[PDB]
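Asker: Got entry-v2.cif for you, mmCIF, C-alpha atoms; chains and numbers go by the auth columns:
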```cif
data_structure
loop_
_atom_site.group_PDB
_atom_site.id
_atom_site.type_symbol
_atom_site.label_atom_id
_atom_site.label_comp_id
_atom_site.label_asym_id
_atom_site.label_seq_id
_atom_site.Cartn_x
_atom_site.Cartn_y
_atom_site.Cartn_z
_atom_site.B_iso_or_equiv
_atom_site.auth_seq_id
_atom_site.auth_asym_id
ATOM 1 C CA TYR A 1 -60.558 -114.890 -28.484 0.00 1 A
ATOM 2 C CA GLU A 2 -62.365 -112.262 -26.392 0.00 2 A
ATOM 3 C CA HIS A 3 -63.054 -108.569 -26.970 0.00 3 A
ATOM 4 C CA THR A 4 -65.513 -105.972 -25.665 0.00 4 A
ATOM 5 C CA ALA A 5 -66.745 -102.656 -27.044 0.00 5 A
ATOM 6 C CA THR A 6 -69.535 -100.102 -26.687 0.00 6 A
ATOM 7 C CA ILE A 7 -71.603 -98.700 -29.542 0.00 7 A
ATOM 8 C CA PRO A 8 -73.793 -95.577 -29.591 0.00 8 A
ATOM 9 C CA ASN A 9 -77.498 -96.153 -29.989 0.00 9 A
ATOM 10 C CA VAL A 10 -78.232 -94.069 -33.105 0.00 10 A
ATOM 11 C CA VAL A 11 -79.755 -95.982 -36.003 0.00 11 A
ATOM 12 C CA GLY A 12 -77.939 -96.097 -39.325 0.00 12 A
ATOM 13 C CA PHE A 13 -74.467 -95.468 -37.937 0.00 13 A
ATOM 14 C CA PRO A 14 -71.779 -98.013 -38.851 0.00 14 A
ATOM 15 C CA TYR A 15 -69.345 -98.423 -35.969 0.00 15 A
ATOM 16 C CA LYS A 16 -65.873 -99.920 -36.329 0.00 16 A
ATOM 17 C CA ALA A 17 -64.175 -102.001 -33.635 0.00 17 A
ATOM 18 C CA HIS A 18 -60.509 -102.947 -33.866 0.00 18 A
ATOM 19 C CA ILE A 19 -58.967 -106.289 -32.877 0.00 19 A
ATOM 20 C CA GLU A 20 -55.236 -106.649 -32.228 0.00 20 A
ATOM 21 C CA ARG A 21 -53.411 -109.786 -31.129 0.00 21 A
ATOM 22 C CA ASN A 22 -49.883 -111.160 -31.262 0.00 22 A
ATOM 23 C CA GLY A 23 -49.164 -113.414 -34.226 0.00 23 A
ATOM 24 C CA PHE A 24 -51.918 -112.204 -36.553 0.00 24 A
ATOM 25 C CA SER A 25 -52.819 -109.247 -38.722 0.00 25 A
ATOM 26 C CA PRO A 26 -55.082 -106.587 -37.196 0.00 26 A
ATOM 27 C CA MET A 27 -58.751 -106.908 -38.029 0.00 27 A
ATOM 28 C CA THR A 28 -61.692 -104.514 -37.947 0.00 28 A
ATOM 29 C CA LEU A 29 -65.389 -105.199 -37.378 0.00 29 A
ATOM 30 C CA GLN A 30 -68.496 -103.369 -38.566 0.00 30 A
ATOM 31 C CA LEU A 31 -71.504 -103.270 -36.251 0.00 31 A
ATOM 32 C CA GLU A 32 -74.528 -101.357 -37.509 0.00 32 A
ATOM 33 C CA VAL A 33 -77.900 -101.267 -35.775 0.00 33 A
ATOM 34 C CA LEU A 34 -80.992 -101.370 -37.994 0.00 34 A
ATOM 35 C CA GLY A 35 -83.931 -101.198 -35.589 0.00 35 A
ATOM 36 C CA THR A 36 -84.829 -101.125 -31.929 0.00 36 A
ATOM 37 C CA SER A 37 -88.116 -101.803 -30.150 0.00 37 A
ATOM 38 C CA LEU A 38 -89.072 -101.171 -26.532 0.00 38 A
ATOM 39 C CA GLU A 39 -92.036 -103.172 -25.259 0.00 39 A
ATOM 40 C CA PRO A 40 -93.258 -102.389 -21.740 0.00 40 A
ATOM 41 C CA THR A 41 -94.449 -105.175 -19.475 0.00 41 A
ATOM 42 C CA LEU A 42 -98.189 -104.682 -19.791 0.00 42 A
ATOM 43 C CA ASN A 43 -101.186 -105.706 -17.740 0.00 43 A
ATOM 44 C CA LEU A 44 -104.658 -104.506 -18.644 0.00 44 A
ATOM 45 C CA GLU A 45 -106.183 -102.596 -15.778 0.00 45 A
ATOM 46 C CA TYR A 46 -109.409 -102.274 -17.768 0.00 46 A
ATOM 47 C CA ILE A 47 -110.845 -101.544 -21.218 0.00 47 A
ATOM 48 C CA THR A 48 -113.266 -98.846 -22.326 0.00 48 A
ATOM 49 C CA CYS A 49 -116.024 -98.685 -24.938 0.00 49 A
ATOM 50 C CA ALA B 1 -17.843 -122.621 -50.584 0.00 293 B
ATOM 51 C CA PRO B 2 -20.172 -119.655 -51.285 0.00 294 B
ATOM 52 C CA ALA B 3 -19.098 -116.620 -49.280 0.00 295 B
ATOM 53 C CA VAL B 4 -21.739 -115.095 -46.995 0.00 296 B
ATOM 54 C CA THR B 5 -21.344 -111.481 -45.877 0.00 297 B
ATOM 55 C CA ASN B 6 -23.465 -108.808 -44.157 0.00 298 B
ATOM 56 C CA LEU B 7 -25.688 -111.148 -42.160 0.00 299 B
ATOM 57 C CA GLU B 8 -28.419 -109.537 -40.036 0.00 300 B
ATOM 58 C CA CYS B 9 -31.773 -110.533 -38.546 0.00 301 B
ATOM 59 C CA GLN B 10 -35.119 -109.055 -37.547 0.00 302 B
ATOM 60 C CA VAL B 11 -37.950 -110.226 -35.317 0.00 303 B
ATOM 61 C CA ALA B 12 -41.560 -110.894 -36.264 0.00 304 B
ATOM 62 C CA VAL B 13 -43.536 -112.438 -33.394 0.00 305 B
ATOM 63 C CA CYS B 14 -41.665 -114.217 -30.523 0.00 306 B
ATOM 64 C CA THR B 15 -44.382 -115.800 -28.434 0.00 307 B
ATOM 65 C CA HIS B 16 -43.733 -118.301 -25.629 0.00 308 B
ATOM 66 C CA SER B 17 -45.457 -121.319 -27.160 0.00 309 B
ATOM 67 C CA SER B 18 -44.097 -124.772 -26.477 0.00 310 B
ATOM 68 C CA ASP B 19 -43.239 -125.856 -30.016 0.00 311 B
ATOM 69 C CA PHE B 20 -41.752 -122.907 -31.999 0.00 312 B
ATOM 70 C CA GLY B 21 -43.008 -119.506 -30.984 0.00 313 B
ATOM 71 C CA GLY B 22 -41.185 -117.199 -33.366 0.00 314 B
ATOM 72 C CA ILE B 23 -40.058 -116.623 -36.951 0.00 315 B
ATOM 73 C CA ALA B 24 -36.781 -114.844 -37.607 0.00 316 B
ATOM 74 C CA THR B 25 -35.715 -113.503 -41.005 0.00 317 B
ATOM 75 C CA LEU B 26 -32.088 -113.295 -42.131 0.00 318 B
ATOM 76 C CA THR B 27 -30.640 -111.365 -45.076 0.00 319 B
ATOM 77 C CA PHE B 28 -27.090 -111.434 -46.430 0.00 320 B
ATOM 78 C CA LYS B 29 -24.992 -110.943 -49.573 0.00 321 B
ATOM 79 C CA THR B 30 -23.413 -113.708 -51.650 0.00 322 B
ATOM 80 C CA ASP B 31 -22.082 -114.506 -55.130 0.00 323 B
ATOM 81 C CA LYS B 32 -23.427 -117.964 -56.064 0.00 324 B
ATOM 82 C CA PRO B 33 -26.000 -120.266 -54.422 0.00 325 B
ATOM 83 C CA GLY B 34 -25.394 -123.612 -52.766 0.00 326 B
ATOM 84 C CA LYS B 35 -25.823 -125.475 -49.490 0.00 327 B
ATOM 85 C CA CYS B 36 -25.100 -124.203 -45.982 0.00 328 B
ATOM 86 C CA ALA B 37 -25.831 -125.065 -42.364 0.00 329 B
ATOM 87 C CA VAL B 38 -27.032 -123.000 -39.411 0.00 330 B
ATOM 88 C CA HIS B 39 -26.732 -123.289 -35.632 0.00 331 B
ATOM 89 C CA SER B 40 -27.341 -121.203 -32.511 0.00 332 B
ATOM 90 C CA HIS B 41 -24.442 -120.563 -30.134 0.00 333 B
ATOM 91 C CA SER B 42 -26.684 -120.258 -27.062 0.00 334 B
ATOM 92 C CA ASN B 43 -29.274 -122.152 -25.038 0.00 335 B
ATOM 93 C CA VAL B 44 -31.993 -119.505 -24.809 0.00 336 B
ATOM 94 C CA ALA B 45 -33.586 -120.610 -28.089 0.00 337 B
ATOM 95 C CA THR B 46 -33.164 -123.464 -30.566 0.00 338 B
ATOM 96 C CA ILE B 47 -33.397 -123.254 -34.352 0.00 339 B
ATOM 97 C CA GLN B 48 -35.066 -125.812 -36.615 0.00 340 B
ATOM 98 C CA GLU B 49 -33.964 -127.983 -39.601 0.00 341 B
#
```
What is this file in structure tokens?

Answerer:
Amino acid sequence: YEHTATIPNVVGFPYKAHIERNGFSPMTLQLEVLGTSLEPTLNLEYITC
Amino acid sequence: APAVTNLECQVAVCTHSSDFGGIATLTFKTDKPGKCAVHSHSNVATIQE
């Protein structure tokens, strides 16, 4: 089965997504982000001492 | 023969699957239990057992 959603980016914020289909009970999900890094794509121009 | 009165139905799912895509539910009023037989007077759907 397929389903899409969008969650806001704030940390420590449990989001609920709802799934409905014919022939089954409805069901809810619980997505909750716990951390997020952002590494740039480096290259050392130089180094200084 | 046990008398059966006030016979109604309600619909649960009704999908178009090939085998048996729906479950009906029938309530009535009687006086003593026993054995009966069911049948559908149409060709749109067929009932089992």

Asker: Identify all residues satisfying the PyMOL selection byres ((chain A) within 9 of (chain B)) in the given file; provide them as JSON, numbers by chain.

Answerer: {"A": [22, 23, 24]}

Asker: In Å to one decimal, how far is atom CA of residue 295 of chain B from atom CA of residue 333 of chain B?

Answerer: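 Separation between atom CA of residue 333 of chain B and atom CA of residue 295 of chain B: 20.3 Å.
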
Asker: For residue 13 of chain A, which of A:41, A:30, A:36, A:25 is the closest residue, counting all atoms listed in the file?

Answerer: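 Among A:41, A:30, A:36, A:25, it is A:30 that comes nearest to residue 13 of chain A.
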
Asker: Selection in question (the file shown): the PyMOL selection byres ((chain B and resi 317) around 8). Which residues does it include, as a ChimeraX atom specification?

Answerer: /B:301-304,315-316,318-319

Asker: Just to be explicit: take each residue in the selection above, keep C-alpha atoms, and write the result as a compact mmCIF listing (two decimals), in the frame of the given file.

Answerer:
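And here is the file that came out, again.txt:
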```
# COMPACT_ATOMS: atom_id res chain seq x y z
CA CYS B 301 -31.77 -110.53 -38.55
CA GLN B 302 -35.12 -109.06 -37.55
CA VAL B 303 -37.95 -110.23 -35.32
CA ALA B 304 -41.56 -110.89 -36.26
CA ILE B 315 -40.06 -116.62 -36.95
CA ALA B 316 -36.78 -114.84 -37.61
CA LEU B 318 -32.09 -113.30 -42.13
CA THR B 319 -30.64 -111.36 -45.08
```

Asker: Take atom CA of residue 338 of chain B and atom CA of residue 298 of chain B and report the distance between them in Å, one decimal.

Answerer: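 Separation of atom CA of residue 338 of chain B and atom CA of residue 298 of chain B: 22.2 Å.
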
Asker: On this structure, the PyMOL selection byres ((chain A and resi 5) around 10) would catch which residues? List them as a compact mmCIF listing (two decimals) with C-alpha atoms, keeping the file's coordinate frame, sorted by chain and number.

Answerer:
```
# COMPACT_ATOMS: atom_id res chain seq x y z
CA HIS A 3 -63.05 -108.57 -26.97
CA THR A 4 -65.51 -105.97 -25.66
CA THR A 6 -69.54 -100.10 -26.69
CA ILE A 7 -71.60 -98.70 -29.54
CA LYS A 16 -65.87 -99.92 -36.33
CA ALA A 17 -64.18 -102.00 -33.64
CA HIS A 18 -60.51 -102.95 -33.87
```

Asker: What separation in Å, quoted to one decimal, exists between atom CA of residue 300 of chain B and atom CA of residue 20 of chain A?

Answerer: 28.1 Å

Asker: Determine the nearest neighbour of residue 1 of chain A from the options A:19, A:42, A:29, A:34, counting only C-alpha atoms.

Answerer: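 Smallest separation from residue 1 of chain A among the options: A:19.
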
Asker: What are the centre and edge lengths in Å, to one decimal, of the axis-aligned box around all listed atoms of segment 37-42 of chain A with 6 Å added on each side, as AutoDock Vina command-line options?

Answerer:
```
--center_x -93.2 --center_y -103.2 --center_z -24.8 --size_x 22.1 --size_y 16.0 --size_z 22.7
```
